[PDB]
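We give structure tokens for two forms of one protein chain below, kept apart as structure 1 and structure 2.
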Structure 1
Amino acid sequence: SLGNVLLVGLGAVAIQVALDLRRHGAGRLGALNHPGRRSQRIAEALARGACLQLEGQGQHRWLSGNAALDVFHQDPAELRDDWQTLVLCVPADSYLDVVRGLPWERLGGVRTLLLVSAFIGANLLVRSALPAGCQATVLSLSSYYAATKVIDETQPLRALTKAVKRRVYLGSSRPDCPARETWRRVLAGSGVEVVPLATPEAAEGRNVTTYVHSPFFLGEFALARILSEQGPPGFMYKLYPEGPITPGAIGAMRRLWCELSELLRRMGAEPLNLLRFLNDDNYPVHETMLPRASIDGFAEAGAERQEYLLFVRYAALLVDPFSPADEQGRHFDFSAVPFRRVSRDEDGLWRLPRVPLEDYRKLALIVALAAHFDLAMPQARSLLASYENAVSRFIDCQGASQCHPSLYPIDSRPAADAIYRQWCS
């Protein structure tokens, strides 16, 4: 049912996906990776006999396996009409560009396009770039279902998965789509539970980083760490002054969740119970910190209780409460995830890490889209402004000539308009 599968963007995600596809059963496996150093390293490794190699860490060792790459391309114009399924394993900010760059008028054999990390509107954005009469079904996965990295860029096709998510969601541009079940089974081989939902936006609306990264890593504290050069980087999930979590950040989280939930309703998607989603889909805590009744009742609890509960959740996860205690009674320091910070690239230009650049770009699109539904998203706009002000001051200080253009101002209104047009179609 998968046929021959083309992986677009041959990185960590694609290597995990490739092994899951091979466990399930598929035809030929191809990849498209745009030009660059990574593609050069891949092409030499393949010439020397390399295959895609996945290692599962620790209790995920059973994931480990090898898979042959049958075809490798860098240039979309060079694709033959030999692919039934495309899997987009590139950054989600690149989905539109990827789709616009493919020669769809001679890819009539493509039946399915899977978006692995679909933001709100991604399915619609992708469909707006397809030619009229294109028969491809577009699938939206709520987020990548694991934690995977290419360990060593010198062995470019060897990836390590260190964790697998509990649950993700899958929606389709085709009503009551059958490709959902096939991909539900494929990804279930990794241990993740895939929950099919009735529309793409219902799955896109269950992208966790939209709700968590936006309030915490677009605020003043996080940006000060991220843009800093000297001193310790600070910690992503600790409380102030060690990390960015404050009652104000939790208030931003609640208000943004309200804003996102109303957008989802206006797009025809049921929103989520934030506290239950975080506890049950991501990381749980004990009943004495978050009682089950408080978790299940969160959406009706009232703003003060909701903020208290969210603050309790993140305080309860400063350590992993289910980890073994050490001889001193301490639990694993779960919150001590260091901030990645700005770094100069090979051209000497300052670049931002994916946290927060990808998070800012996603939220900028969501706000622009929401405007079409007559939703102002003031909390979201405040977070966008915080990022923009901080990055602008960094450019002022370092000099535009020293900064990569991804730091410069963007405009998401054209993509938002394309999404809205597609949705009204």
Structure 2
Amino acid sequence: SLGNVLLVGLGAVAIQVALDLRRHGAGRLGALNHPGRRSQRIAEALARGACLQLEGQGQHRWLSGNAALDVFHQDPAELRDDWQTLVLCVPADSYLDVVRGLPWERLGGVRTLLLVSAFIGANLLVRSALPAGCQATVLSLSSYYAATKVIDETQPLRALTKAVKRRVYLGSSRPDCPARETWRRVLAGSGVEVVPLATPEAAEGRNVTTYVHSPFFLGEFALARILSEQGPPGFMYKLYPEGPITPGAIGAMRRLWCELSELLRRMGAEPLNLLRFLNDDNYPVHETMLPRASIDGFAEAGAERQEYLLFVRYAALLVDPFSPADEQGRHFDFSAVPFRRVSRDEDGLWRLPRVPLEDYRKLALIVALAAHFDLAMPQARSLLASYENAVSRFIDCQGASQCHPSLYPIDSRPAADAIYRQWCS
């Protein structure tokens, strides 16, 4: 079964996962979060008797519930060998740091480790970092299965889920893995269909953010908003000049999808139909905007038609076409998600938001991995260079002394080498 489950990272994702785990049952539920203001707030909340609370928004209100946490650690030194399942709810660009940091000498009983938002190569990278002879199976979930936020960091244990995906995918380092069905059941509790796939990379190849955030949020427009201090933040899914979506961004999306598909084929994984994945698995539009024949036929449509269809898809979602119309015939403004921007941390250093720092670090690793398969990925490299140039100019202007080192050049070649060696073994 799942046995006793340790959530690693206790954020918005973990709270939703905790609700789904408690519905399913069968064991103690613990969490580990590294020291910091959030962990201090969490420990304070738990010590006064608070529980994890998940609220569903709008149509998702049926999800809402509370979940008890048996133990919370902000000090790995107190962990003992009581855990059968680890669930990594930390940012995906931290999986390597987090897996190296776990006290594996006291975790010999762990039999499964789930990566809740994997990317191509993540399963292999995590396996490369495990201690020798570790017999934990590593599971890769394609994408986090919802949209969830901690409303008010002052109540760190209360989260809001505003969207839920129709379908996600799950692969395992163990062939014909029985744990996949367990997690199918756990996530089905929140209405998500989990499709088991035959290898981790096939699931990782269905990570939605890799395909969408890379072309849209590594470009010039997004970076100009994210690195700004004054002026409006702009909107993540609007068309230029309100947001980053342009025909050029759509062309980058198509070309990157082609590059990623070839990488997947070279790792023995079947690529996805990008339009059908976006429409059917994540969020749909009406037949009059995207005919089913166009959705199903997308992969054979030819580049111009593919780009037209992708553009239509995003223009069709500037509002939510399935939301109720208001008195004046308008639908919900689905595309008005503001960009989060750079902000100063407690040491006075500029930090980047997760979008795009996490998206850059993921894509940089994928590109470094693809080089081992003799794939140059020029579109991916152009997106990396756009981010790097913009951030470099921000450092020039603000001063290196004022910038957190996460803004600085990162070397992904060592991690890519570890992944490739693990794949070849």
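Residue 1 is the first residue of structure 1, and the numbers go on in sequence order from there. Throughout, rigid core stands for the largest set of C-alpha atoms superposing within 1.5 Å between the two forms.
Residue 378 shows a C-alpha shift below 2 Å between structure 1 and structure 2 [criterion: core-superposed Cα displacement of 2 Å]. In a rigid-core overlay of the protein, residue 156 has its C-alpha displaced by at least 2 Å between structure 1 and structure 2.
Each of the two rigid parts keeps its shape between structure 1 and structure 2, while the smaller one turns against the larger by 6°, per C-alpha superposition. For residue 70, the Cα shift between structure 1 and structure 2 is 2.4 Å when the rigid core is held fixed in the overlay. Taking the core as the reference frame, the CA atom of residue 105 shifts 4.1 angstrom between structure 1 and structure 2. On the core-superposed pair, the CA position of residue 225 changes by 0.5 Å between structure 1 and structure 2.
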